[PDB]
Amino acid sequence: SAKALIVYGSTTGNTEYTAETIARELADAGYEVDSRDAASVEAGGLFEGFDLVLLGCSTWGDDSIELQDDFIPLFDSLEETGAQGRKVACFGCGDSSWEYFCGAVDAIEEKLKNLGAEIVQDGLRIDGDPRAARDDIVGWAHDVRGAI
């Protein structure tokens, strides 16, 4: 039950760093972790064979909530990923200057629920430089593991 997939959409590297930090935590605990940039993936069957899936995505939009561009195709085809009955958790970087702080995380969680996923922990929301939140990131990964 030890295969974890992490897929991240990141433009300035913050959610990517967050993904790398989570990946190390899971690997140290005994998971086999496959980490992929969303730009490199196709949605159809993306979750097949994974016991745990973690989705990371930063939040954008001039005057609306928009997902990071590389993640949008995955979100638009999320119903083809194999999410039904899948244990999933979400994370993302943002900036609390914006009212909808890490709003991409909400959008992804809400769709995953409709699609039959089991959300194993509330999404991780990181404000500003994620290296300043390293302890929170590692703690969230630990908490995700404990809720499996």
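For every residue, the number given is its place in the sequence shown, counted from 1.
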message: So, looking at the entry's B-factor column for Cα atoms, which has the higher mean, 52-60 or 22-30?
response: 22-30
message: Please say which third, lowest, middle or highest, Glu110 falls into when its CA temperature factor is compared across its chain.
response: middle
- line: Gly13: C-alpha B-factor third of its chain, per the entry, is the middle
query: Going by the entry, which third of its chain does the Cα temperature factor of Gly85 land in?
result: highest
query: In terms of the chain's CA B-factor thirds, is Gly94 lowest, middle or highest?
result: lowest
field: B-factor third for the C-alpha atom of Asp69 within its chain
entry: lowest
